[PDB]
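Comments concern the structure below.
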Amino acid sequence: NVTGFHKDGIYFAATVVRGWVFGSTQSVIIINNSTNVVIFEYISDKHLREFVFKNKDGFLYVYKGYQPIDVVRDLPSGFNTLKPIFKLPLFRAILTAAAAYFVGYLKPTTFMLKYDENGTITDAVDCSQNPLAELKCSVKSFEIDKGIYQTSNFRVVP
Amino acid sequence: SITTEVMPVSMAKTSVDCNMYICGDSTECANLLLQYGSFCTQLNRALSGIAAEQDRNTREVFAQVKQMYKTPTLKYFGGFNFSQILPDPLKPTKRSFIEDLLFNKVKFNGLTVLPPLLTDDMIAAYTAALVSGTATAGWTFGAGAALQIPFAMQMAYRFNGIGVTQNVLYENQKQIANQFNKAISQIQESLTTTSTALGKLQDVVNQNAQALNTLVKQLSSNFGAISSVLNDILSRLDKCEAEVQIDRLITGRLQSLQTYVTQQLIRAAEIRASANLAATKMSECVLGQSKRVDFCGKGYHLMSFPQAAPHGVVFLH
Amino acid sequence: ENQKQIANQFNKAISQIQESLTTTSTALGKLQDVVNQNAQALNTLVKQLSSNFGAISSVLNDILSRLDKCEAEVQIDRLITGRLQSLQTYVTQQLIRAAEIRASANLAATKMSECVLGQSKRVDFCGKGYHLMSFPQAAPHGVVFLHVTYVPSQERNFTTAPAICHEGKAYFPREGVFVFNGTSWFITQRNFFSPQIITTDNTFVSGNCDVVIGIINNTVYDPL
Amino acid sequence: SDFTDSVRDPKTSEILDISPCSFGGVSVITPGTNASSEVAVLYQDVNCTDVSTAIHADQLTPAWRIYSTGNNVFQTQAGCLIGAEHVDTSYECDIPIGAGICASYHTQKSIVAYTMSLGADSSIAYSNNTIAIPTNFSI
Ligand SMILES: *[C@@H]1O[C@H](CO)[C@@H](O)[C@H](O)[C@H]1NC(C)=O
Ligand SMILES: *[C@@H]1O[C@H](CO)[C@@H](O)[C@H](O)[C@H]1NC(C)=O
Ligand SMILES: *[C@@H]1O[C@H](CO)[C@@H](O)[C@H](O)[C@H]1NC(C)=O
Ligand SMILES: *[C@@H]1O[C@H](CO)[C@@H](O)[C@H](O)[C@H]1NC(C)=O
Ligand SMILES: *[C@@H]1O[C@H](CO)[C@@H](O)[C@H](O)[C@H]1NC(C)=O
Ligand SMILES: *[C@@H]1O[C@H](CO)[C@@H](O)[C@H](O)[C@H]1NC(C)=O
Ligand SMILES: *[C@@H]1O[C@H](CO)[C@@H](O)[C@H](O)[C@H]1NC(C)=O
């Protein structure tokens, strides 16, 4: 589920000056311009661009991506992966300048990724979505012939 | 004179959860067991294969007819009284007298016993159809299509197969019928009086019970740790002094579970050999007459009737 | 009398089994199962090599490039113990599987020794029905038999009788049974309907027709 | 096996028996991912009124996020099935389940469960003065 605007790490995507703030409110500032990037005053030098933020062990990972999309009000269903860009040793974000941004949440779950020859990420299916998905995740193959299989054990949490 | 011969076919299907047996409900114990990477899925796969092998054994033994036959309304074929072998419609249960007197003669650990694919009535239906086909269609219903023969002429043919001419049978049929009825009554009395005649099936059940009991009892040892209960370890130590005790419990319980799996594999191999022998015995002794000496019964062989048994088959040669 | 019909049935059977072997994909289940079991054992051994067994790292060269010769000894000991356990488990599973394959090989050996080089009178050991011969063929890590069988069909009802008597003497068939046909009686064999006239050549005498149940009054042709 | 089974209550001095609440192995039955993508789930040896209540209260540790079905529940002696419809007609067994139940993928198609079929049923008539003789054969 994602919130359309026409905890433990958040997901960002946006269809334009974009800024971020992080704190318990001295201030942690991230400002992205058209050409320059300004960030502990670290200074460095349609379409859909995706930033993945995560935080563990006193470190914060920032990942970036890019994909050319079609001009439409919602977001089309598609497949793309994003590479890491940087990592730093140290939730709502404001942007300004017809524009939209969407936020999804992160959960600790297991995936299973299919590579290829000359291969980036080509296909992936989740391991905690469907019983068929759990079966694919357990037999460790994309094609399962007819039969009965045992995957895991069920238990009721008190 | 008729004689009995008991064989095992299948043993008790079972399964063991690796995460429930070794660790309790602590997720850190799941992490420490995941350090011993990809180990306890092998045991579960082996026991699943064992259960599939048990179902294969029962299916390969009993289901050797492509069609079945209705139980005849009359149980008297020329002086041969068959009321003790074929099932009777009076009882609400559809089992014969021999089968009914022979069936009556013999959690916190994640242990489960899966039910068999075929129930008792399933096997009883197979046995009743097979016996009726022997009694009516003669020796040609598994070797091709069924061909109905009167019982006296089939007896004459089987005597001719032994080496005795037909006139010997047809001159003294009543004496042979009386001997047959006395033999059935004698074997019924011998089955119902004593308590030790089904040794092998009781031995299989007792061996499986002893293995499960000694596994459950071996769970209760501390393996050199300060206590034998994992929850008492996790309620009395921090996350660097309890790790070594958890490691010792993991190692000991892993050794015990691996030993139980190996013993189960060897025992299943022995039961598979017995099941294949029983399958070829019934395929070469009920559906036909065997000229191999001393393979079915003592002396010369005429025919044989199978009966069901708890995890087994009982022949009457 | 009907060699050409049997030859045509033989050729149709060979063509049918060739088509059935070439169309489907699941007929050689057992050899594929053996290969897949061996591959799974090797794969899980190689994957189990990649675990650390509670040590600080799962690569031995990384242990020997980051510790001295008294702090790396305990980690080396843990790797030795874990990999020893894995290798011993693989050896035990291989021994049991080899025992199963040895049993199957002995069964196949005695099957071909008692079914190709000779004709077996054991029912339902080679093929369904009666057995004529068998041809072996090679297979990847195995042998494939082609048993040829002779099965009867097109059954017909008849009226039968145990024995007949002509002048106070019981007559019993030599090899075969008595069939009424709706006409005068005939003698036949038990697997193919080919009637013949009752004659003293294929019939033998024993006793009188007073004690055997179901004697029929009928004539016995003597060839003079 | 040195297991805490019964406890005297430390305050009112009554008797409490301790049992482990429901758990077991789970299995999935599929017709193979070449005909469809719908599967069915078998929960082993539980009277799964408990399982239905606990999954409508969202307390099962196998976290099926989008899977929630309670319209097709069938009870067997090996456990209970969610995702299959009970059919009284007998057919030859396609995949084994236990206690004489076999699932299959016959009729639009769906997963159906039924009772084991013995085979081709027939009945040969007996008479004590009739014989049967074949007249033809096929190699
Ligand atoms: C066969 O034996 C049973 C044994 O109780 C008996 O009841 C029945 O009458 C017998 N059948 C006869 C004598 O035809
Ligand atoms: C033989 O006769 C019986 C009754 O007379 C009949 O039910 C049966 O079908 C017949 N057999 C064949 C092969 O026609
Ligand atoms: C058998 O009976 C038929 C009449 O149904 C008759 O035509 C035939 O000749 C008989 N068989 C022989 C060998 O005579
Ligand atoms: C066949 O059974 C009937 C039924 O009792 C009997 O009357 C007849 O005598 C039997 N047939 C022969 C040849 O004995
Ligand atoms: C303990 O406390 C309970 C709760 O107030 C009280 O009912 C009880 O009398 C006290 N004493 C004992 C011995 O249980
Ligand atoms: C399951 O429990 C309910 C209520 O306790 C009961 O009515 C039902 O019969 C139980 N199911 C079985 C198979 O015993
Ligand atoms: C056996 O059946 C085939 C096919 O129906 C037929 O051509 C052949 O003539 C039959 N055999 C005899 C001996 O009639």
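Following the order of the structure tokens, first chain is A, next is B, and so on, with residues numbered from 1 inside each chain and ligands from 1 in the order they appear.
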
Protein and nucleic acid residues within 12 Å of ligand 5 (only C-alpha atoms and all ligand atoms) as a CSV table (one decimal) with N, CA, C and O atoms, in the first residue's frame:
```csv
chain,number,residue,atom,x,y,z
D,8,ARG,N,0.7,-25.7,40.6
D,8,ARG,CA,-0.2,-25.2,41.6
D,8,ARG,C,-0.2,-23.6,41.6
D,8,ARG,O,0.9,-23.0,41.5
D,9,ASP,N,-1.3,-23.0,41.7
D,9,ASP,CA,-1.4,-21.6,41.6
D,9,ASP,C,-0.9,-21.0,42.9
D,9,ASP,O,-1.2,-21.3,44.0
D,10,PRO,N,0.1,-20.0,42.7
D,10,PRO,CA,0.8,-19.5,43.9
D,10,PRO,C,-0.1,-18.6,44.8
D,10,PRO,O,0.3,-18.2,45.9
D,11,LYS,N,-1.3,-18.2,44.4
D,11,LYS,CA,-2.1,-17.3,45.1
D,11,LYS,C,-3.4,-17.9,45.7
D,11,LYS,O,-3.6,-17.9,46.9
D,12,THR,N,-4.2,-18.5,44.8
D,12,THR,CA,-5.5,-19.1,45.2
D,12,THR,C,-5.4,-20.6,45.4
D,12,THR,O,-6.4,-21.2,45.8
D,13,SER,N,-4.2,-21.2,45.1
D,13,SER,CA,-4.0,-22.6,45.3
D,13,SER,C,-5.0,-23.5,44.6
D,13,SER,O,-5.7,-24.3,45.2
D,14,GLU,N,-5.0,-23.3,43.3
D,14,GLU,CA,-5.8,-24.2,42.4
D,14,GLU,C,-4.8,-24.9,41.4
D,14,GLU,O,-3.6,-24.8,41.5
```

Contact residues (chain A, partner chain B, 10 Å, only C-alpha atoms) as a list in words: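 Those within range of chain B come out as residues 149, 150, 151, 152 and 153 of chain A.
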
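Between residue D:130 and the candidates B:93, B:148, B:112, B:196, the tightest atom-to-atom separation, counting only C-alpha atoms, involves B:148.
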
Atomic distance atom CA of residue C:97 - atom CA of residue B:208, expressed in Å with one decimal: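 Between these atoms lies a distance of 21.9 Å.
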
Taking only C-alpha atoms into account and nothing else, which residues of chain D lie no more than 10 Å away from chain A? Please answer as a PDB file with N, CA and C atoms, in the first residue's frame.
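Below is the file that was written, iface02.pdb:
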```pdb
ATOM      1  N   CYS D  21       0.027 -24.731  22.685  1.00  0.00           N
ATOM      2  CA  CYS D  21      -1.063 -24.474  21.758  1.00  0.00           C
ATOM      3  C   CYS D  21      -0.635 -24.791  20.330  1.00  0.00           C
ATOM      4  N   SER D  22      -1.618 -24.743  19.430  1.00  0.00           N
ATOM      5  CA  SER D  22      -1.578 -25.492  18.181  1.00  0.00           C
ATOM      6  C   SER D  22      -0.415 -25.083  17.285  1.00  0.00           C
ATOM      7  N   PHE D  23       0.281 -26.091  16.772  1.00  0.00           N
ATOM      8  CA  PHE D  23       1.363 -25.917  15.817  1.00  0.00           C
ATOM      9  C   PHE D  23       1.510 -27.222  15.054  1.00  0.00           C
ATOM     10  N   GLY D  24       2.177 -27.145  13.910  1.00  0.00           N
ATOM     11  CA  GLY D  24       2.405 -28.332  13.117  1.00  0.00           C
ATOM     12  C   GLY D  24       2.992 -27.972  11.770  1.00  0.00           C
ATOM     13  N   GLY D  25       3.165 -28.998  10.948  1.00  0.00           N
ATOM     14  CA  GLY D  25       3.637 -28.782   9.601  1.00  0.00           C
ATOM     15  C   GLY D  25       2.529 -28.296   8.687  1.00  0.00           C
ATOM     16  N   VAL D  26       2.918 -27.493   7.704  1.00  0.00           N
ATOM     17  CA  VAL D  26       1.996 -26.994   6.696  1.00  0.00           C
ATOM     18  C   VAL D  26       2.484 -27.495   5.346  1.00  0.00           C
ATOM     19  N   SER D  27       1.553 -27.701   4.422  1.00  0.00           N
ATOM     20  CA  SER D  27       1.912 -28.128   3.082  1.00  0.00           C
ATOM     21  C   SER D  27       1.074 -27.372   2.065  1.00  0.00           C
ATOM     22  N   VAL D  28       1.587 -27.288   0.844  1.00  0.00           N
ATOM     23  CA  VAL D  28       0.888 -26.642  -0.256  1.00  0.00           C
ATOM     24  C   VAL D  28       0.711 -27.655  -1.378  1.00  0.00           C
ATOM     25  N   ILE D  29      -0.494 -27.709  -1.933  1.00  0.00           N
ATOM     26  CA  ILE D  29      -0.798 -28.569  -3.066  1.00  0.00           C
ATOM     27  C   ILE D  29      -1.073 -27.680  -4.266  1.00  0.00           C
ATOM     28  N   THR D  30      -0.414 -27.982  -5.377  1.00  0.00           N
ATOM     29  CA  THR D  30      -0.534 -27.218  -6.604  1.00  0.00           C
ATOM     30  C   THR D  30      -0.693 -28.172  -7.778  1.00  0.00           C
ATOM     31  N   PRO D  31      -1.407 -27.757  -8.824  1.00  0.00           N
ATOM     32  CA  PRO D  31      -1.433 -28.532 -10.068  1.00  0.00           C
ATOM     33  C   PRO D  31      -0.255 -28.272 -10.993  1.00  0.00           C
ATOM     34  N   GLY D  32       0.808 -27.640 -10.504  1.00  0.00           N
ATOM     35  CA  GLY D  32       1.937 -27.291 -11.340  1.00  0.00           C
ATOM     36  C   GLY D  32       1.757 -25.926 -11.966  1.00  0.00           C
ATOM     37  N   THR D  33       2.814 -25.113 -11.981  1.00  0.00           N
ATOM     38  CA  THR D  33       2.701 -23.760 -12.513  1.00  0.00           C
ATOM     39  C   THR D  33       2.847 -23.723 -14.032  1.00  0.00           C
ATOM     40  N   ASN D  34       2.092 -24.578 -14.715  1.00  0.00           N
ATOM     41  CA  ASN D  34       1.908 -24.499 -16.153  1.00  0.00           C
ATOM     42  C   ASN D  34       0.447 -24.408 -16.552  1.00  0.00           C
ATOM     43  N   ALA D  35      -0.475 -24.739 -15.652  1.00  0.00           N
ATOM     44  CA  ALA D  35      -1.907 -24.645 -15.900  1.00  0.00           C
ATOM     45  C   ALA D  35      -2.551 -23.482 -15.158  1.00  0.00           C
ATOM     46  N   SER D  37      -2.037 -20.658 -11.330  1.00  0.00           N
ATOM     47  CA  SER D  37      -1.217 -20.143 -10.243  1.00  0.00           C
ATOM     48  C   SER D  37      -1.930 -20.225  -8.899  1.00  0.00           C
ATOM     49  N   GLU D  38      -3.116 -20.821  -8.851  1.00  0.00           N
ATOM     50  CA  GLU D  38      -3.840 -20.980  -7.599  1.00  0.00           C
ATOM     51  C   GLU D  38      -3.448 -22.293  -6.937  1.00  0.00           C
ATOM     52  N   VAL D  39      -3.144 -22.223  -5.645  1.00  0.00           N
ATOM     53  CA  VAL D  39      -2.758 -23.400  -4.879  1.00  0.00           C
ATOM     54  C   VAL D  39      -3.766 -23.602  -3.760  1.00  0.00           C
ATOM     55  N   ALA D  40      -3.597 -24.669  -2.985  1.00  0.00           N
ATOM     56  CA  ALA D  40      -4.395 -24.886  -1.791  1.00  0.00           C
ATOM     57  C   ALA D  40      -3.470 -25.258  -0.645  1.00  0.00           C
ATOM     58  N   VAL D  41      -3.905 -24.968   0.577  1.00  0.00           N
ATOM     59  CA  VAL D  41      -3.055 -25.080   1.754  1.00  0.00           C
ATOM     60  C   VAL D  41      -3.631 -26.142   2.676  1.00  0.00           C
ATOM     61  N   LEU D  42      -2.786 -27.074   3.105  1.00  0.00           N
ATOM     62  CA  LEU D  42      -3.163 -28.114   4.050  1.00  0.00           C
ATOM     63  C   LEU D  42      -2.461 -27.852   5.374  1.00  0.00           C
ATOM     64  N   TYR D  43      -3.247 -27.696   6.436  1.00  0.00           N
ATOM     65  CA  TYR D  43      -2.723 -27.584   7.790  1.00  0.00           C
ATOM     66  C   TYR D  43      -2.870 -28.935   8.473  1.00  0.00           C
ATOM     67  N   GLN D  44      -1.769 -29.447   9.014  1.00  0.00           N
ATOM     68  CA  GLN D  44      -1.737 -30.818   9.504  1.00  0.00           C
ATOM     69  C   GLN D  44      -2.246 -30.913  10.937  1.00  0.00           C
ATOM     70  N   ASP D  50      -9.994 -23.487  15.428  1.00  0.00           N
ATOM     71  CA  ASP D  50      -8.950 -22.718  16.097  1.00  0.00           C
ATOM     72  C   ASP D  50      -8.106 -21.947  15.089  1.00  0.00           C
ATOM     73  N   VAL D  51      -7.724 -22.597  13.987  1.00  0.00           N
ATOM     74  CA  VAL D  51      -6.889 -21.949  12.980  1.00  0.00           C
ATOM     75  C   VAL D  51      -7.651 -20.821  12.291  1.00  0.00           C
ATOM     76  N   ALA D  54      -7.869 -17.921  14.767  1.00  0.00           N
ATOM     77  CA  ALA D  54      -6.578 -17.278  14.967  1.00  0.00           C
ATOM     78  C   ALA D  54      -6.091 -16.548  13.722  1.00  0.00           C
ATOM     79  N   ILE D  55      -6.512 -16.975  12.530  1.00  0.00           N
ATOM     80  CA  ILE D  55      -6.132 -16.266  11.316  1.00  0.00           C
ATOM     81  C   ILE D  55      -7.069 -15.099  11.022  1.00  0.00           C
ATOM     82  N   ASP D  58      -5.480 -12.689  13.236  1.00  0.00           N
ATOM     83  CA  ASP D  58      -4.145 -12.354  12.727  1.00  0.00           C
ATOM     84  C   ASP D  58      -3.052 -12.636  13.763  1.00  0.00           C
ATOM     85  N   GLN D  59      -2.900 -13.921  14.098  1.00  0.00           N
ATOM     86  CA  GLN D  59      -1.907 -14.337  15.081  1.00  0.00           C
ATOM     87  C   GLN D  59      -1.061 -15.524  14.630  1.00  0.00           C
ATOM     88  N   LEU D  60      -1.115 -15.909  13.357  1.00  0.00           N
ATOM     89  CA  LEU D  60      -0.284 -16.994  12.847  1.00  0.00           C
ATOM     90  C   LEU D  60       1.057 -16.441  12.383  1.00  0.00           C
ATOM     91  N   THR D  61       2.143 -17.044  12.862  1.00  0.00           N
ATOM     92  CA  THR D  61       3.474 -16.603  12.456  1.00  0.00           C
ATOM     93  C   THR D  61       3.825 -16.848  10.980  1.00  0.00           C
ATOM     94  N   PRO D  62       3.207 -17.810  10.213  1.00  0.00           N
ATOM     95  CA  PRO D  62       3.369 -17.695   8.756  1.00  0.00           C
ATOM     96  C   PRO D  62       2.548 -16.529   8.228  1.00  0.00           C
ATOM     97  N   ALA D  63       3.225 -15.436   7.888  1.00  0.00           N
ATOM     98  CA  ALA D  63       2.553 -14.176   7.583  1.00  0.00           C
ATOM     99  C   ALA D  63       2.208 -14.138   6.101  1.00  0.00           C
ATOM    100  N   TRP D  64       1.027 -14.647   5.762  1.00  0.00           N
ATOM    101  CA  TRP D  64       0.479 -14.486   4.420  1.00  0.00           C
ATOM    102  C   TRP D  64      -0.184 -13.116   4.360  1.00  0.00           C
ATOM    103  N   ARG D  65       0.447 -12.185   3.642  1.00  0.00           N
ATOM    104  CA  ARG D  65       0.015 -10.792   3.682  1.00  0.00           C
ATOM    105  C   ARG D  65      -1.321 -10.594   2.975  1.00  0.00           C
ATOM    106  N   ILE D  66      -1.459 -11.130   1.764  1.00  0.00           N
ATOM    107  CA  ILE D  66      -2.638 -10.891   0.941  1.00  0.00           C
ATOM    108  C   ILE D  66      -3.532 -12.111   0.831  1.00  0.00           C
ATOM    109  N   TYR D  67      -3.142 -13.237   1.417  1.00  0.00           N
ATOM    110  CA  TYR D  67      -3.909 -14.471   1.327  1.00  0.00           C
ATOM    111  C   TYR D  67      -4.834 -14.567   2.534  1.00  0.00           C
ATOM    112  N   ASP D  94      -4.891 -38.374  -8.111  1.00  0.00           N
ATOM    113  CA  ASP D  94      -3.920 -37.555  -8.822  1.00  0.00           C
ATOM    114  C   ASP D  94      -2.746 -37.157  -7.942  1.00  0.00           C
ATOM    115  N   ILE D  95      -3.008 -36.557  -6.785  1.00  0.00           N
ATOM    116  CA  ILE D  95      -1.970 -36.302  -5.789  1.00  0.00           C
ATOM    117  C   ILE D  95      -2.459 -36.812  -4.437  1.00  0.00           C
ATOM    118  N   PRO D  96      -1.622 -37.510  -3.676  1.00  0.00           N
ATOM    119  CA  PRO D  96      -2.073 -38.050  -2.390  1.00  0.00           C
ATOM    120  C   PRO D  96      -2.162 -36.973  -1.322  1.00  0.00           C
ATOM    121  N   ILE D  97      -3.087 -37.173  -0.386  1.00  0.00           N
ATOM    122  CA  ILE D  97      -3.268 -36.276   0.747  1.00  0.00           C
ATOM    123  C   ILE D  97      -3.202 -37.051   2.057  1.00  0.00           C
ATOM    124  N   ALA D 103      -6.475 -34.945  -4.003  1.00  0.00           N
ATOM    125  CA  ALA D 103      -6.817 -33.741  -4.743  1.00  0.00           C
ATOM    126  C   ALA D 103      -6.516 -33.925  -6.228  1.00  0.00           C
ATOM    127  N   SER D 104      -7.111 -33.064  -7.047  1.00  0.00           N
ATOM    128  CA  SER D 104      -6.930 -33.127  -8.492  1.00  0.00           C
ATOM    129  C   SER D 104      -7.251 -31.761  -9.081  1.00  0.00           C
ATOM    130  N   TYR D 105      -7.199 -31.681 -10.407  1.00  0.00           N
ATOM    131  CA  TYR D 105      -7.381 -30.431 -11.137  1.00  0.00           C
ATOM    132  C   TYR D 105      -8.318 -30.625 -12.327  1.00  0.00           C
TER     133      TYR D 105
END
```

Near-ligand residues for ligand 4, threshold 7 Å, only C-alpha atoms and all ligand atoms, as a ChimeraX atom specification: /C:213-214 /D:128-129

Selected residues, N, CA and C atoms, written as a PDB file, in the first residue's frame, please.
```pdb
ATOM      1  N   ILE C 213     -19.756 -86.733  -8.904  1.00  0.00           N
ATOM      2  CA  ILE C 213     -20.960 -85.923  -9.054  1.00  0.00           C
ATOM      3  C   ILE C 213     -20.991 -85.304 -10.448  1.00  0.00           C
ATOM      4  N   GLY C 214     -22.173 -85.293 -11.058  1.00  0.00           N
ATOM      5  CA  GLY C 214     -22.384 -84.570 -12.296  1.00  0.00           C
ATOM      6  C   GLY C 214     -21.971 -85.271 -13.567  1.00  0.00           C
TER       7      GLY C 214
ATOM      8  N   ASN D 128     -22.437 -72.891 -11.418  1.00  0.00           N
ATOM      9  CA  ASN D 128     -21.625 -74.055 -11.094  1.00  0.00           C
ATOM     10  C   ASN D 128     -21.620 -75.106 -12.194  1.00  0.00           C
ATOM     11  N   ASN D 129     -22.132 -74.780 -13.381  1.00  0.00           N
ATOM     12  CA  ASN D 129     -22.027 -75.685 -14.518  1.00  0.00           C
ATOM     13  C   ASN D 129     -21.713 -74.929 -15.804  1.00  0.00           C
TER      14      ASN D 129
END
```
